[PDB]
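The next block holds one structure in the form of structure tokens; read it before the comments.
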Amino acid sequence: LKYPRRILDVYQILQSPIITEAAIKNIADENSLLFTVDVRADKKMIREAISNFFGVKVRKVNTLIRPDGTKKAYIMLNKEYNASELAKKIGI
Amino acid sequence: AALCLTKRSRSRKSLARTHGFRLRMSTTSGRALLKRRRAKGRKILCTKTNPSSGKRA
Amino acid sequence: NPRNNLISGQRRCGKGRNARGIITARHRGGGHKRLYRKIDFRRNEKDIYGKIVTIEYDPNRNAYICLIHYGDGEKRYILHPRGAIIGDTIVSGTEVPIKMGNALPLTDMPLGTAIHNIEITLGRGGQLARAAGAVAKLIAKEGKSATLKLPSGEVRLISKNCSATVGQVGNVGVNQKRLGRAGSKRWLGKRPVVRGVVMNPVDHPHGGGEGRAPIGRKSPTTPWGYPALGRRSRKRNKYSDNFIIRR
RNA sequence: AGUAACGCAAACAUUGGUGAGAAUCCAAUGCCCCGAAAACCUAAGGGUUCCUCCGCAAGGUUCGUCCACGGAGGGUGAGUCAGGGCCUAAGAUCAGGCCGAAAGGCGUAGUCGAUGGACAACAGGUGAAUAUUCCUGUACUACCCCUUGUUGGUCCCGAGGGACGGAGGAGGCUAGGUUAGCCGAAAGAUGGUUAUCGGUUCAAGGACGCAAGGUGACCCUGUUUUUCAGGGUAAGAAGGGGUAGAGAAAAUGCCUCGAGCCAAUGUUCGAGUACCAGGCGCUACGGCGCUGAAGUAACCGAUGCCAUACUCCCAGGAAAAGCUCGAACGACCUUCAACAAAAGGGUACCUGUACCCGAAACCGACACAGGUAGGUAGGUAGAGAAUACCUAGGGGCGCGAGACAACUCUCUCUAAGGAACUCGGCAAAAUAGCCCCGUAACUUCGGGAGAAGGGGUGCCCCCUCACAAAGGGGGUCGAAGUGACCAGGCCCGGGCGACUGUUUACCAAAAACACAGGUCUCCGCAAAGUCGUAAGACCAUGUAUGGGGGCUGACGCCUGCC
RNA sequence: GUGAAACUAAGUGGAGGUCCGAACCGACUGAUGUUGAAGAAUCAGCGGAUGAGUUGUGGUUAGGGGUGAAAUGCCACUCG
RNA sequence: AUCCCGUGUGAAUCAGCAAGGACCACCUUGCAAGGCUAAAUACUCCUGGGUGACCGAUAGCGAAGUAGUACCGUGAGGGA
RNA sequence: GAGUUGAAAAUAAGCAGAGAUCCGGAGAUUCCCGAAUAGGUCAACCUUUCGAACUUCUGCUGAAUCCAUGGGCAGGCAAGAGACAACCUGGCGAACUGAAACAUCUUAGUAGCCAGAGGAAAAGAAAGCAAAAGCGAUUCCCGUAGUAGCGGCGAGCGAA
């Protein structure tokens with residue numbers, strides 16, 4: 001059997017995007033975009049929940065904790081997909 | 001030389017191995033201390049650290 | 001050849017002194033790591049020869065030890081006696097002739113011989129007369145005992161079927177190796193001892209007052225109250241194997 | 001009582017700007033300070049103090065437009081860095097087991113436990129707050145797929161290895177520094193002058209390979225054995241390889257082949273259509289835009305590498321996993337399953353990441369003249385990490401301005417004398433660096449000793465030159481030449497303690513304690529002694545040349561009587 | 001220098017509980033400071049500074065006790 | 001004396017054994033060395049009703065707001 | 001039976017006279033830590049062969065040892081662990097104090113510590129009191145009674 005490290009309610013593993021101006025800097029400059037996830041999350045569970053719900057090959061998943069408690073995730077997509085054409089569809 | 005100052009910059013890992021919750025729950029005496037802490041009503045019955053993260057504030 | 005894979009590694013840490021942590025064997029601490037040497041006291045390979053290739057300094061002992069090989073593939077350490085020619089051959093066994101360096105049970109040998117490593121009963125490793133010059137002689141034997149004069153001026157009839165390594169054990173010249181550097185006592189892991197006159201009455205019974213205090217008590221005592229001169233500290237009925245104390 | 005104080009005596013001053021209001025906030029120019037830091041980074045700790053905007057109720061020992069303060073928003077990106085997913089030390093917890101009113105004590109396997117062992121990333125740019133983390137270049141780890149072979153493979157077991165001390169100085173080099181060459185600019189209102197001012201940079205890694213460095217065994221010949229010239233040995237290196245015994249590996253014994261080996265450094269690729277002085281065009285005048293020269297050599301020389309390299313010494317210098325090799329026995333799965341590689345692609349686990357960290361943010365209740373492990377160690381003079389002044393970088397110490405009373409404190413000098421002061425030369429003053437001469441009493445013959453005491457010392461010439469230091473002779477100035485800082489005062493006696501050390505954190509550093517040495521006494525191992533009702537533990541994985549305990553205190557003469 | 005010893009020039013070497021002196025550790029004298037800048041410090045000198053050294057990290061002994069190169073010292077500015 | 005234990009010795013079954021305050025005789029009373037049982041009974045971290053010659057913000061619970069809180073201590077704990 | 005989405009206003013959308021909000025009974029969920037329990041842990045985390053670990057029960061196989069025991073495997077809504085102010089029981093168990101000192105004694109078998117357990121616990125059904133007369137398990141209250149006593153015949157202690 002292929003167990004994950006922790007079973008963590010995968011339709012709630014992502015919470016909200018970040019709409020700061022530096023996030024748009026990461027879109028136009030990095031082909032990346034910014035999500036807010038819960039602390040109980042992975043570079044294997046978030047990375048699977050982007051290539052399925054969105055339909056995009058994700059390059060890397062750079063995560064960090066934020067001292068108010070919640071977790072911040074810079075997800076960088078592949079070169080084949082612009083983050084600007086996939087972020088205006090959501091509302092960025 | 002130094003001063004007659006007692007507490008210093010010791011790591012909170014070693015302060016949690018002595019005054020933390022595990023050595024406080026590894027004895028009948030220390031869990032009786034937690035009977036007095038929970039019986040009084042202290043919001044922080046130990047002074048500890050965390051092996052993963054620092055503080056959620 | 002150091003790192004023999006016979007130095008055996010893990011020990012209890014240095015010259016320790018802690019039972020529950022309380023000082024209970026006083027004046028200990030300091031020095032090097034002093035990694036011990038697991039030597040072969042009870043020779044479990046009889047009637048096979050073995051040469052002598054190295055006289056290594058054991059820091060745990062007062063004497064030296066030596067590395068002995070075999071005709072088969074093994075390596076041991078034993079206490080080498082006085083007269084260990086390099087390359088000389090030692091062999092344990094029951095009928096092996098007497099040579100300075102080999103071992104044999106206490107029966108098949110004459111009387112009046114220099115032996116260091118003897119056993120007080122069967123099966124043990126090695127107990128008596130194994131210091132840096134400790135030599136035990138044999139007075140004549142008996143039915144199942146053997147009167148043995150061990151190096152205290154003390155004789156003792158003993159079980160006759162005990163292993164014994166015949167020879168006078170070497171490194172005698174530590175009788176005269178002076179410790180005149182005066183802090184070389186601390187290199188052995190031996191802290192300085194304080195004296196009973198210059199302590200307080202809470203610590204020692206001879207805690208004095210003004211000046212160099214005379215000893216005050218009717219007898220010079222230990223720091224735990226027992227008289228420290230002449231009072232024999234020995235249980236009155238243990239063995240009755242010793243013939244005369246002779247001391 | 002509107003009194004002391006406003007927290008070192010690094011020091012600020014002016015012109016502008018912002019505003020209602022400016023010694024204090026900002027900008028510029030000078031001035032001044034640290035510079036083995038008062039600089040930069042990280043361990044701990046703190047926990048949001050970091051950044052933009054807004055505010056000046058409280059805090060800032062003054063003010064304030066500012067803030068480590070109040071409010072809103074944001075910020076900490078790792079396969080490679082540090083820990084965990086690996087391993088163990090001290091130590092802890094200890095299944096069973098022994099013990100014990102209870103709680104629990106002892107203790108084995110086992111498991112945790114880094115301050116250690118194992119394991120893969122460097123350079124440039126971005127940027128209000130992040131950089132080995134984001135972008136680009138080149139890499140490297142750990143598995144899968146794609147091609148050749150194998151029928152066994154993995155784990156447990158057997159072994160090698162991991163694997164270790166201190167001191168010492170000599171090599172070979174790098175890091176840095178200086179000089180020269182090259183390139184660009186320069187008239188800096190002064191008598192002359194370009195002799196001036198700035199660059200001269202590049203890592204990890206992939207390949208090739210090492211000497212005049214160390215190591216390579218014995219004897220003779222030449223030289224100071226030595227660097228080298230020359231001959232012989234069949235083992236005499238790094239290393240492999242056969243066997244023999246119950247002997248797979250290993251270990252031991254025997255035989256044989258190998259004159260080389262080891263590692264920093266190095267050339268090339270990475271690496272230039274990078275970086276860089278300069279000029280070229282606008283200023284929200286805070287910087288962006290285009291183009292771009294040379295990018296070498298030599299002398300010093302590391303406290304960094306070789307290097308756990310050699311030599312010497314006793315006081316004799318952790319453990320386990322990763323790694324490598326391997327038979328039997330034991331558990332599981334088996335053919336397109338498992339194993340070993342060769343190129344090529346794919347995949348990349350959690351936590352820490354801001355900021356302060358020789359401190360205003362940590363610890364001293366303070367924005368406290370104090371403390372805090374570790375790393376980098378520029379120039380000149382100097383032996384030097386001291387010292388004096390400075391580059392980089394960072395500050396001007398969060399009350400100022402007048403005045404120039406007594407008196408306190410931190411310093412400087414003082415006619416004549418020189419301890420007359422005093423409890424007492426307490427404190428100050430004086431000596432001070434390198435070379436040469438010379439050096440006594442006494443002694444344990446080791447020392448005293450740098451005894452004491454005396455002379456030279458700066459700068460320009462010449463020659464001898466180990467042809468680098470250095471010497472002699474000469475001239476030149478000053479009152480004064482280690483001209484500043486820095487940098488032994490000494491001798492003669494005596495008492496005690498032999499000595500180096502330790503001692504009352506916060507009134508006593510001693511003649512006190514310890515010490516090497518001596519002597520008495522106990523102890524034969526199921527030892528004595530110590531802690532514990534006990535089990536047991538230290539003693540000790542040691543064995544009377546050893547382990548306790550008492551007294552005395554090196555060394556020399558002795559230690560009397562009861 | 002004798003048939004070997006005993007012993008001595010001369011180099012080589014780098015031992016020391018060696019000496020001078022930085023970091024570092026400690027606190028001998030003096031002044032200041034005593035509602036101190038500081039509940040023990042500043043300034044000027046001072047002792048050790050390859051060791052019986054100093055220090056970081058993780059530990060250990062806990063009060064009819066521990067530890068003590070022994071002062072009734074220290075055990076969280078508290079210790080007969 | 002009755003009752004229960006430590007070491008050691010160590011009985012009798014109803015014609016008996018134990019108690020009736022050393023002990024013996026007679027009488028009286030009961031049947032140890034096997035267990036289980038509600039009620040009356042003591043108290044409040046509380047809960048639901050009713051009261052109070054109880055308090056009224058220095059009182060009443062430490063606490064009428066963040067109350068065992070801010071703060072102090074390494075911690076036990078102290079504490080507005 | 002008429003308005004609601006807590007304190008707690010405002011804003012955006014709802015939910016409701018085929019009955020909302022709310023109240024009551026029975027159920028469901030209950031991340032993580034904590035007996036904490038898969039293993040480790042520096043509590044609210046990490047690693048995971050995703051596991052009620054351990055003890056007890058049941059079942060199979062069944063060492064040295066023949067039967068056993070130990071172990072291993074498995075099942076199990078699976079019994080115990082942990083918490084609890086005071087009272088209660090059991091065990092260790094003081095000292096300041098009073099005696100005008102103090103040791104016998106008192107304070108006191110109190111406080112404290114540990115263990116256990118219930119709304120009560122302990123005890124409890126006569127090998128008992130009593131006295132020639134009689135009662136009929138235990139507990140508690142009034143009384144006898146501050147009596148009989150006990151006690152450096154002190155301080156005090158004090159039944160039946």
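Residues in the structure tokens are numbered from 1 in each chain, the chains being A, B, ... in the order shown, and ligands are numbered from 1 in the order shown.
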Compile the contact shell of region 9-26 of chain F as a list in words: residues with an atom at most 8 Å away, counting only C-alpha atoms (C1' of nucleotides), same-chain residues fewer than 6 positions apart removed.
residues 1 and 32 of chain F; 127 of chain G
Contacts between chain G and chain A, please, where a residue of chain A counts if it comes within 10 Å (with only C-alpha atoms (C1' of nucleotides)); show its shortest atom pair and distance in Å to one decimal, rows by chain and ascending number, as a Markdown table.
```
| residue | atom | partner | partner_atom | distance |
| --- | --- | --- | --- | --- |
| A:1 | CA | G:49 | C1' | 9.3 |
| A:3 | CA | G:50 | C1' | 8.0 |
| A:4 | CA | G:48 | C1' | 9.3 |
| A:5 | CA | G:48 | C1' | 7.3 |
| A:6 | CA | G:50 | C1' | 9.1 |
| A:7 | CA | G:50 | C1' | 9.6 |
| A:8 | CA | G:31 | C1' | 9.0 |
```
Given the selection you just returned, output its residues as a file containing N, CA, C and O atoms, formatted as a tab-separated table (two decimals), in the first residue's frame.
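Final file, selection_38.tsv:
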```
chain	number	residue	atom	x	y	z
A	1	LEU	N	0.82	-1.20	0.00
A	1	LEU	CA	0.00	0.00	0.00
A	1	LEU	C	0.86	1.26	0.00
A	1	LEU	O	1.94	1.28	0.59
A	3	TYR	N	0.95	4.68	1.37
A	3	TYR	CA	0.41	5.61	2.35
A	3	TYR	C	1.07	6.98	2.19
A	3	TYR	O	2.28	7.05	1.93
A	4	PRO	N	0.32	8.07	2.34
A	4	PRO	CA	0.97	9.37	2.55
A	4	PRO	C	1.46	9.47	3.99
A	4	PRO	O	1.28	8.57	4.81
A	5	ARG	N	2.11	10.59	4.29
A	5	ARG	CA	2.58	10.80	5.65
A	5	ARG	C	1.43	11.05	6.61
A	5	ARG	O	1.50	10.69	7.79
A	6	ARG	N	0.35	11.66	6.11
A	6	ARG	CA	-0.80	11.98	6.94
A	6	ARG	C	-2.01	12.25	6.05
A	6	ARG	O	-1.91	12.93	5.03
A	7	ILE	N	-3.16	11.72	6.47
A	7	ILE	CA	-4.41	11.82	5.71
A	7	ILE	C	-5.12	13.09	6.16
A	7	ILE	O	-5.59	13.17	7.30
A	8	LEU	N	-5.22	14.07	5.27
A	8	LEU	CA	-5.44	15.46	5.65
A	8	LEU	C	-6.51	16.18	4.84
A	8	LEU	O	-6.37	17.39	4.60
```
List every residue of chain A that has an atom at most 8 Å from any atom of chain B, and for each one report the closest atom pair and its distance in Å to one decimal, counting only C-alpha atoms, with rows sorted by chain and then by increasing residue number, as CSV.
```
residue,atom,partner,partner_atom,distance
A:67,CA,B:56,CA,5.3
A:68,CA,B:57,CA,4.6
A:69,CA,B:56,CA,4.7
```
Take CA of residue 232 (chain C) and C1' of residue 521 (chain D) and report the distance between them in Å, one decimal.
9.2 Å
Using DSSP on the backbone coordinates, identify the residues of chain A assigned to strand (DSSP E); present them as an mmCIF file with C-alpha atoms, in the first residue's frame.
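The resulting out-v2.cif:
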```
data_model
loop_
_atom_site.group_PDB
_atom_site.id
_atom_site.type_symbol
_atom_site.label_atom_id
_atom_site.label_comp_id
_atom_site.auth_asym_id
_atom_site.auth_seq_id
_atom_site.Cartn_x
_atom_site.Cartn_y
_atom_site.Cartn_z
ATOM 1 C CA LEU A 14 -5.592 24.741 -0.181
ATOM 2 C CA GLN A 15 -7.258 27.739 1.452
ATOM 3 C CA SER A 16 -6.841 31.027 -0.445
ATOM 4 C CA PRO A 17 -4.587 32.837 -2.923
ATOM 5 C CA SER A 32 4.652 31.276 -10.161
ATOM 6 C CA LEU A 33 1.676 32.081 -7.943
ATOM 7 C CA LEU A 34 0.899 32.311 -4.249
ATOM 8 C CA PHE A 35 -1.414 30.161 -2.118
ATOM 9 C CA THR A 36 -2.228 30.006 1.590
ATOM 10 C CA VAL A 37 -2.385 26.444 2.894
ATOM 11 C CA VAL A 58 3.664 22.375 -11.594
ATOM 12 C CA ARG A 59 7.447 22.776 -11.558
ATOM 13 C CA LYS A 60 8.254 23.319 -7.875
ATOM 14 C CA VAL A 61 6.504 23.911 -4.551
ATOM 15 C CA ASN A 62 8.416 26.272 -2.243
ATOM 16 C CA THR A 63 6.661 26.319 1.131
ATOM 17 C CA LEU A 64 7.217 28.400 4.257
ATOM 18 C CA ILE A 65 5.548 28.878 7.611
ATOM 19 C CA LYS A 71 1.389 28.254 5.863
ATOM 20 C CA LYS A 72 2.350 30.049 2.641
ATOM 21 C CA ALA A 73 3.098 28.210 -0.612
ATOM 22 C CA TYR A 74 4.874 29.658 -3.640
ATOM 23 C CA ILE A 75 3.958 27.244 -6.438
ATOM 24 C CA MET A 76 5.949 27.563 -9.661
ATOM 25 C CA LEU A 77 4.288 26.085 -12.741
#
```
Could you list, as an MDAnalysis selection string, every residue within 9 Å of residue 60 (chain G), counting only C-alpha atoms (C1' of nucleotides) and ignoring same-chain residues fewer than 2 positions away?
chainID G and resid 62 73:74
Residues as selected, N, CA, C and O atoms (P, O5', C5', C4', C3', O3' and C1' of nucleotides), written as a PDB file, in the first residue's frame, can you do that?
```pdb
ATOM      1  P     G G  62       2.277 -28.479  17.626  1.00  0.00           P
ATOM      2  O5'   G G  62       3.807 -28.299  18.031  1.00  0.00           O
ATOM      3  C5'   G G  62       4.216 -28.359  19.390  1.00  0.00           C
ATOM      4  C4'   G G  62       4.464 -26.981  19.948  1.00  0.00           C
ATOM      5  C3'   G G  62       5.076 -26.921  21.338  1.00  0.00           C
ATOM      6  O3'   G G  62       6.485 -27.076  21.304  1.00  0.00           O
ATOM      7  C1'   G G  62       3.267 -25.384  21.175  1.00  0.00           C
ATOM      8  P     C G  73       3.951 -12.011  17.330  1.00  0.00           P
ATOM      9  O5'   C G  73       2.775 -12.680  16.491  1.00  0.00           O
ATOM     10  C5'   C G  73       3.046 -13.319  15.254  1.00  0.00           C
ATOM     11  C4'   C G  73       1.937 -14.261  14.864  1.00  0.00           C
ATOM     12  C3'   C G  73       0.534 -13.695  14.939  1.00  0.00           C
ATOM     13  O3'   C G  73       0.204 -12.841  13.861  1.00  0.00           O
ATOM     14  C1'   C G  73       0.560 -15.847  15.906  1.00  0.00           C
ATOM     15  P     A G  74      -0.600 -11.482  14.153  1.00  0.00           P
ATOM     16  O5'   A G  74      -2.093 -11.975  14.406  1.00  0.00           O
ATOM     17  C5'   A G  74      -2.788 -12.695  13.399  1.00  0.00           C
ATOM     18  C4'   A G  74      -3.980 -13.439  13.945  1.00  0.00           C
ATOM     19  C3'   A G  74      -5.079 -12.601  14.568  1.00  0.00           C
ATOM     20  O3'   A G  74      -5.897 -11.957  13.607  1.00  0.00           O
ATOM     21  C1'   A G  74      -4.669 -14.501  15.913  1.00  0.00           C
TER      22        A G  74
END
```
Using only C-alpha atoms (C1' of nucleotides), which residues of chain B come within 9 Å of chain F, and what is the closest atom pair for each, with the distance in Å to one decimal? Give it as a Markdown table, sorted by chain and residue number.
```
| residue | atom | partner | partner_atom | distance |
| --- | --- | --- | --- | --- |
| B:6 | CA | F:74 | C1' | 8.4 |
| B:7 | CA | F:74 | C1' | 6.7 |
| B:15 | CA | F:74 | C1' | 8.2 |
| B:19 | CA | F:75 | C1' | 6.9 |
| B:33 | CA | F:76 | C1' | 8.1 |
| B:40 | CA | F:68 | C1' | 6.8 |
| B:41 | CA | F:68 | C1' | 6.1 |
| B:42 | CA | F:68 | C1' | 6.4 |
| B:43 | CA | F:68 | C1' | 8.8 |
```
Given a cut-off of 10 Å, which residues of chain D touch chain B, counting only C-alpha atoms (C1' of nucleotides), written out as a ChimeraX atom specification?
/D:44-48,84,93,103-104,350-352,362-364,370-372,505-506
Considering only C-alpha atoms (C1' of nucleotides), return as a PyMOL selection string whatever protein or nucleic-acid residues lie within 8 Å of region 12-29 of chain G, sequence-local ones (same chain, fewer than 2 positions apart) excluded.
chain G and resi 1+3-4
Kindly export the residues of the current selection with N, CA and C atoms (P, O5', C5', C4', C3', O3' and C1' of nucleotides), as a PDB file, in the first residue's frame.
```pdb
ATOM      1  P     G G   1     -47.887  28.781  21.117  1.00  0.00           P
ATOM      2  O5'   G G   1     -48.208  30.321  20.869  1.00  0.00           O
ATOM      3  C5'   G G   1     -48.332  30.840  19.547  1.00  0.00           C
ATOM      4  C4'   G G   1     -47.021  31.357  19.004  1.00  0.00           C
ATOM      5  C3'   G G   1     -47.144  32.157  17.715  1.00  0.00           C
ATOM      6  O3'   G G   1     -46.091  33.114  17.654  1.00  0.00           O
ATOM      7  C1'   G G   1     -45.873  30.212  17.303  1.00  0.00           C
ATOM      8  P     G G   3     -42.377  39.347  16.175  1.00  0.00           P
ATOM      9  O5'   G G   3     -40.796  39.549  16.163  1.00  0.00           O
ATOM     10  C5'   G G   3     -40.049  39.407  14.962  1.00  0.00           C
ATOM     11  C4'   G G   3     -39.398  38.050  14.877  1.00  0.00           C
ATOM     12  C3'   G G   3     -37.881  38.023  14.853  1.00  0.00           C
ATOM     13  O3'   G G   3     -37.326  38.150  16.150  1.00  0.00           O
ATOM     14  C1'   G G   3     -38.741  36.557  13.200  1.00  0.00           C
ATOM     15  P     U G   4     -35.742  38.305  16.350  1.00  0.00           P
ATOM     16  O5'   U G   4     -35.217  36.805  16.459  1.00  0.00           O
ATOM     17  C5'   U G   4     -33.831  36.529  16.546  1.00  0.00           C
ATOM     18  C4'   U G   4     -33.432  35.367  15.676  1.00  0.00           C
ATOM     19  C3'   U G   4     -32.046  35.467  15.067  1.00  0.00           C
ATOM     20  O3'   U G   4     -31.029  35.083  15.969  1.00  0.00           O
ATOM     21  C1'   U G   4     -33.588  34.820  13.399  1.00  0.00           C
TER      22        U G   4
END
```
Within 9 Å of chain C, which residues of chain E come that close, and what is the closest atom pair and distance in Å for each? Count only C-alpha atoms (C1' of nucleotides) and give it as a Markdown table.
```
| residue | atom | partner | partner_atom | distance |
| --- | --- | --- | --- | --- |
| E:17 | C1' | C:183 | CA | 6.1 |
| E:52 | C1' | C:183 | CA | 5.5 |
| E:60 | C1' | C:21 | CA | 6.4 |
| E:61 | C1' | C:21 | CA | 4.4 |
| E:66 | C1' | C:22 | CA | 7.5 |
| E:67 | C1' | C:23 | CA | 8.8 |
| E:69 | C1' | C:192 | CA | 6.0 |
| E:70 | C1' | C:199 | CA | 5.6 |
| E:72 | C1' | C:200 | CA | 7.5 |
```
Tell me, as an MDAnalysis selection string, which residues lie within 12 Å of residue 50 (chain E), counting only C-alpha atoms (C1' of nucleotides); anything in the same chain fewer than 6 positions away does not count.
(chainID D and resid 166:168) or (chainID E and resid 15:18)
Would you write out those residues with N, CA, C and O atoms (P, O5', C5', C4', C3', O3' and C1' of nucleotides), as a PDB file, in the first residue's frame?
```
ATOM      1  P     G D 166      45.638  16.211  20.022  1.00  0.00           P
ATOM      2  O5'   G D 166      46.809  16.747  20.954  1.00  0.00           O
ATOM      3  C5'   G D 166      46.551  17.151  22.289  1.00  0.00           C
ATOM      4  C4'   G D 166      47.832  17.293  23.065  1.00  0.00           C
ATOM      5  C3'   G D 166      48.910  18.134  22.405  1.00  0.00           C
ATOM      6  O3'   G D 166      48.717  19.526  22.586  1.00  0.00           O
ATOM      7  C1'   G D 166      49.859  16.120  23.168  1.00  0.00           C
ATOM      8  P     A D 167      49.073  20.551  21.402  1.00  0.00           P
ATOM      9  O5'   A D 167      50.660  20.655  21.454  1.00  0.00           O
ATOM     10  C5'   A D 167      51.318  21.114  22.622  1.00  0.00           C
ATOM     11  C4'   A D 167      52.772  20.723  22.623  1.00  0.00           C
ATOM     12  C3'   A D 167      53.588  21.216  21.444  1.00  0.00           C
ATOM     13  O3'   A D 167      54.035  22.547  21.625  1.00  0.00           O
ATOM     14  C1'   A D 167      54.012  18.921  21.787  1.00  0.00           C
ATOM     15  P     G D 168      54.164  23.544  20.374  1.00  0.00           P
ATOM     16  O5'   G D 168      55.476  23.046  19.624  1.00  0.00           O
ATOM     17  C5'   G D 168      56.738  23.046  20.274  1.00  0.00           C
ATOM     18  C4'   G D 168      57.742  22.231  19.503  1.00  0.00           C
ATOM     19  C3'   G D 168      57.909  22.614  18.046  1.00  0.00           C
ATOM     20  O3'   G D 168      58.756  23.735  17.878  1.00  0.00           O
ATOM     21  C1'   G D 168      57.713  20.271  18.219  1.00  0.00           C
TER      22        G D 168
ATOM     23  P     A E  15      58.803  20.294  22.935  1.00  0.00           P
ATOM     24  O5'   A E  15      58.806  19.683  24.399  1.00  0.00           O
ATOM     25  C5'   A E  15      59.126  18.321  24.619  1.00  0.00           C
ATOM     26  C4'   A E  15      59.871  18.167  25.914  1.00  0.00           C
ATOM     27  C3'   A E  15      59.374  19.053  27.044  1.00  0.00           C
ATOM     28  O3'   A E  15      58.296  18.452  27.742  1.00  0.00           O
ATOM     29  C1'   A E  15      61.753  19.123  26.905  1.00  0.00           C
ATOM     30  P     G E  16      56.983  19.298  28.109  1.00  0.00           P
ATOM     31  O5'   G E  16      57.391  20.061  29.445  1.00  0.00           O
ATOM     32  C5'   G E  16      58.018  19.373  30.522  1.00  0.00           C
ATOM     33  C4'   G E  16      58.846  20.294  31.389  1.00  0.00           C
ATOM     34  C3'   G E  16      58.067  21.371  32.139  1.00  0.00           C
ATOM     35  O3'   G E  16      58.695  21.583  33.399  1.00  0.00           O
ATOM     36  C1'   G E  16      59.707  22.393  30.795  1.00  0.00           C
ATOM     37  P     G E  17      58.551  20.490  34.569  1.00  0.00           P
ATOM     38  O5'   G E  17      58.238  21.359  35.863  1.00  0.00           O
ATOM     39  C5'   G E  17      57.675  22.657  35.744  1.00  0.00           C
ATOM     40  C4'   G E  17      56.231  22.597  35.318  1.00  0.00           C
ATOM     41  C3'   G E  17      55.363  23.776  35.735  1.00  0.00           C
ATOM     42  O3'   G E  17      55.454  24.859  34.824  1.00  0.00           O
ATOM     43  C1'   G E  17      54.238  21.700  36.140  1.00  0.00           C
ATOM     44  P     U E  18      55.759  26.353  35.334  1.00  0.00           P
ATOM     45  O5'   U E  18      57.348  26.428  35.388  1.00  0.00           O
ATOM     46  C5'   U E  18      58.125  25.999  34.281  1.00  0.00           C
ATOM     47  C4'   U E  18      59.326  26.876  34.051  1.00  0.00           C
ATOM     48  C3'   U E  18      59.031  28.318  33.688  1.00  0.00           C
ATOM     49  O3'   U E  18      58.695  29.124  34.801  1.00  0.00           O
ATOM     50  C1'   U E  18      60.675  27.467  32.225  1.00  0.00           C
TER      51        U E  18
END
```
Give me, as a list in words, the contact residues of chain D against chain A at a cut-off of 9 Å, counting only C-alpha atoms (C1' of nucleotides).
residues 48, 74, 76, 77, 78, 133, 134, 135, 349 and 350 of chain D
Counting only C-alpha atoms (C1' of nucleotides), which residues from chain D have an atom at most 10 Å from any atom of chain C, and could you show them as a PyMOL selection string?
chain D and resi 89-90+163+165+245+247+250-253+314-319+499-501+512-517+520-532+537-551+554
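Reported to one decimal place, the separation of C1' of residue 10 (chain D) from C1' of residue 400 (chain D) is 17.8 Å.
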